[PDB]
Ligand SMILES: Cc1cc2c3c(c1C)C(C)(C)C[C@@H](S(=O)(=O)O)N3c1c([nH]c(=O)[nH]c1=O)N2C[C@H](O)[C@H](O)[C@H](O)COP(=O)(O)O
Ligand SMILES: Cc1cc2c3c(c1C)C(C)(C)C[C@@H](S(=O)(=O)O)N3c1c([nH]c(=O)[nH]c1=O)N2C[C@H](O)[C@H](O)[C@H](O)COP(=O)(O)O
Ligand SMILES: [Mn+2]
Ligand SMILES: [Mn+2]
Ligand code: NA
Ligand code: NA
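Protein chains in written order, with the authors' numbering: chain B, 6 to 96, 118 to 491; chain B', 6 to 96, 118 to 491. A prime marks a further copy of an entry chain.
Shown next, in the form of structure tokens:
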């Protein structure tokens, strides 16, 4: 049973983890280093000497697709499709295995001794409001079901023992709190946050499994074995046994604070807004604890790399429903969800429009996708050279562009004319069939597969690079 | 194990079947009688004295929703939802049970003795080209899988032993033939047609189960027990053992004939077009055989009543995917598939547009739906009084109407500007939320549920009708 430390050791053995011994400030400096590293496809980073703290800081953990795959016990990135086929069936789901004691409760501090300032929480960007916890697995139960939800919600530092809990309103945690409030007026909402759990639990948390299902159960499937957990000290929630740090506490009903501004995955600052305050009553950690952090900003960043790997998970679920779809890609440059390229084997006139509507309606994660480009299967959706080629040789813009007004949009997307409402554009860049055009359509250049394969065979020997 | 005769007996016991002893021509007259009957919600009809023939003619079998439900061993129409929940799982599927001999092979004629003119095939409308077989279960195998498909394809009489097989190109039968042609050039394609099988097999044939699955397997689930079949005399296809008449034969490759014109379910004549010729080498029947027929025309007709009952089957499959959908209805007046009314519990601004796109993309049977009206849950989708009310009080036409051009359309729909391509219109007739309007939206009149229930209780006693 591999905890996070075992994963770091595996990475180090493979030249995928660098230990930095120079002094580096968690205030801005770590982010700059991680950003350059991620942008060059470099390793994960363990800062052994954060200025002013004793606890090392781990970041860029999932900065490459490879390391995301490795984190689910797979060799490489195309095994994620198989995990998609699995995620299909969940639309006896294995419980947690509760241990009696756990490394994450080796050192405990509570009440007045709680001081989040001892932790090397990072400040990512110059106009961010305060240090920000970015890799916390927040654990919650609602009043109506037993399911334990895990989500990653950014958490601003506002005191020795107070964090702001920034869950957006459709999240498991947020819905649990909302229901708790209705069902138990004025009663404190217990919550716990785990930092540095095992990679399967972390990845399970971020995968959009249905609200009905504990993210712990999914992590179990990725791992091959039940998720090892421990009961929290001050509530009935369970956290991963191997976690490096655990924060336990509650939300006082009605207590809120102005959150931000903070730089986002879109590359802009979010403006101030109100979210609940999480009061921390306990902090439990391992001996020699490691603090796991990250940053979001202009893409690409670690979340976006995560999000490309998790798109591979969705391809099979889309293909079950639309078997005409050969590939489906959300470029990290499009802020991970705002633009999709879809390639199909077109079977009839107007086919592309059915596929656009399918992307905009079938799965909720794509409901806010503003641009959808549809192409034939002779295009590689992951290469702008092919996609722009297809756009500029197979479209008449007015004929082949679909615009739909007054559709749901992310309320933080400031480019829509009104908060929560905007338009969508689909580009039909498929070959046009009789009926769709009265011209003689061009015959595209296809490569000889025998020549392709032969050159694959001698590629390394040719040694051009 | 209930064959068709057992079903007719059940209907007769319940005042749901009328035997007509007067002489009635299968040329036009039966259709006129059945049409008036169906339009008044009357019984199924057994014409014991068809002018010029000895074999009784059964029609309007499924002319009411009740009789469709009865035909699946259920009390009434809301049990069809449960069959939808079942049809979901199919996206060990029980085989057929093959008997050694069967009532449908009591009387056999083959080769030169085959004479389809002895059968009281109906001519439905005055400008129809020739008598037309309308309730044949066509049975086919393809070369690549073992699955036996069942479909209802209209069949024009063109000789003592020749019928035209009018399968449209996306049908199981048509795809099987097409593949047979590629895989075995010039070899005859064996085919068999069963008339008057048991209701579960008939309904199973018409239900859109995936191409991968034999319609026999589905009939088995509806029935509770494996479908009883018999091997055909001149091929390896199996037909239902209780069938009244079976036609066996083949399609000669390249043999085609001009089909039609024939009146359609749209209320217009289809123009002439070419389809394959089915050469009949055998006709097998029961002693005292009954000929099962129907007609299509301006709706409503029997197919359309079938199609409303089978929509109840889809509601659950839509609700699995879009749990916001409260009801989903395709009016028979809209030619059964061209217009949908959908009611939702709206949860955010722009929600209606996601639902429209879902109807146009999720299931293939709704891919050609040209109009989609979306409303809130205080509307009964089945009552034009509520739907028009919603349209005229909750829409600004230019703001709330979505038009999409160049989408797939039925090639027989002559109203689209080009064959196979046309536009779609969605009407967002939901209550508009802040963001979608800056006005003060009206507060609708809701009834008191206690008053409703009280009046339900005394309704019969009040005796107004
Ligand atoms: C991996 C990750 C994810 C997330 C986030 C972050 C990371 C690293 C951080 C904290 C760095 C950045 C923000 S941000 O991308 O919104 O700017 N963050 C985040 C947020 N979801 C959310 O509601 N608030 C958040 O604050 N998301 C997404 C969220 O955690 C994810 O959608 C979960 O699957 C939601 O789980 P459920 O609530 O559906 O169970
Ligand atoms: C119940 C019924 C159905 C059908 C039909 C008829 C009836 C009575 C008749 C013969 C009266 C009328 C025509 S019509 O509605 O197209 O005008 N008919 C029919 C036709 N499907 C088809 O390809 N050709 C047809 O000729 N359909 C629909 C088809 O049989 C149905 O879609 C099956 O589910 C197709 O099965 P698969 O090929 O998908 O396995
Ligand atoms: Mn969840
Ligand atoms: Mn079929
Ligand atoms: Na989650
Ligand atoms: Na069928």
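All C-beta atoms, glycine included, are put in the ideal place defined by N, C-alpha and C.
Please classify residue 371 of chain B': is it buried, with 16 or more other beta-carbons within 10 angstroms of its beta-carbon, or exposed?
exposed
Please classify residue 328 of chain B' as buried or exposed, where buried requires at least 16 neighbouring CB atoms within 10 angstroms.
buried
Going by the beta-carbon positions, is the gap between residue 332 of chain B and residue 91 of chain B smaller than 9 Å?
no
Considering only the beta carbon of each residue, do residue 387 of chain B' and residue 218 of chain B sit closer than 9 Å?
no
Assuming residue 355 of chain B is part of the beta strand (DSSP E), what are its boundary residues?
351 to 355
What residue range does the beta strand (DSSP E) around residue 64 of chain B' cover?
62 to 64
Stretch-stretch touch, CB-based, cutoff 8 Å, three pairs: the region 185 to 199 of chain B with the region 138 to 155 of chain B
yes
With 7 Å as the limit, tell me which residues of the region 368 to 382 of chain B' have their beta carbon closer than that to any beta carbon of chain B; keep them in chain order.
374, 375, 376, 377, 379, 380
Residue 393 of chain B' versus chain B: which residues are under 7 Å apart at the beta carbon?
380
In the region 423 to 438 of chain B, which residues sit with their C-beta less than 8 Å from some C-beta in chain B', listed in chain order?
425, 426, 428, 430, 431, 432, 433, 434, 435
How many angstroms separate the CA atom of residue 320 of chain B' from the CA atom of residue 361 of chain B'?
17 Å
Candidates B:22, B:287, B:43, B:172: closest to residue 240 of chain B by CA position:
B:172
By the criterion of Cβ-Cβ separation under 8 Å, what are the contact partners of residue 388 of chain B in chain B'?
347, 384, 387, 388
What residues are listed by DSSP as bridge partners for residue 191 of chain B'?
B':181
Judging by CA-CA distance, which residue of B':197, B':406, B':325 is the nearest neighbour of residue 41 of chain B'?
B':325
Whole-angstrom Cβ separation of residue 32 of chain B and residue 160 of chain B, contact assumed at under 8 Å?
With a Cβ gap of about 14 Å, residue 32 of chain B and residue 160 of chain B do not count as contacting.
DSSP beta-bridge partners of residue 480 of chain B':
In the DSSP output, where bridge partners are listed per residue, residue 480 of chain B' has none listed.
Contact residues within the region 436 to 462 of chain B, judged by C-beta distance below 7 Å to chain B':
444, 445, 446, 447, 461, 462
Does residue 94 of chain B pass the burial test, meaning 16 or more other C-beta atoms within 10 Å, or should it be called exposed?
exposed
Would you say residue 223 of chain B touches ligand 5, meaning its beta carbon is less than 8 Å from a heavy atom?
no
For residue 62 of chain B and residue 14 of chain B, I'd like the C-alpha separation in whole angstroms.
15 Å
Can you give me the C-alpha to C-alpha distance between residue 34 of chain B and residue 287 of chain B, rounded to a whole angstrom?
19 Å
Compare the C-alpha of residue 455 of chain B against each of B:363, B:225, B:381, B:400 and name the closest.
B:400
Among B':421, B':30, B':269, which has the Cα closest to the Cα of residue 258 of chain B'?
B':269
Any heavy atom of ligand 3 inside 8 Å of the beta-carbon of residue 339 of chain B?
no
Does at least one heavy atom of ligand 3 sit under 8 Å from the Cβ of residue 162 of chain B?
no
Can you tell me the Cα-Cα spacing of residue 229 of chain B' and residue 88 of chain B', whole angstroms?
12 Å
Hey, quick one: how far does the beta strand (DSSP E) through residue 433 of chain B' stretch, first residue to last?
427 to 434
Neighbour-count burial assignment, residue 489 of chain B', 16 or more Cβ in a 10 Å radius:
exposed
For residue 379 of chain B', which residues in the same chain have their Cβ closer than 8 Å to its Cβ, ignoring the five residues on either side in sequence?
428, 452, 454
Helix, strand or coil for residue 150 of chain B', going by three-state DSSP, please let me know.
coil
Please find out if some non-hydrogen atom of ligand 6 comes closer than 8 Å to the beta-carbon of residue 253 of chain B'.
no
Residue 373 of chain B (DSSP reduced to helix, strand or coil):
coil
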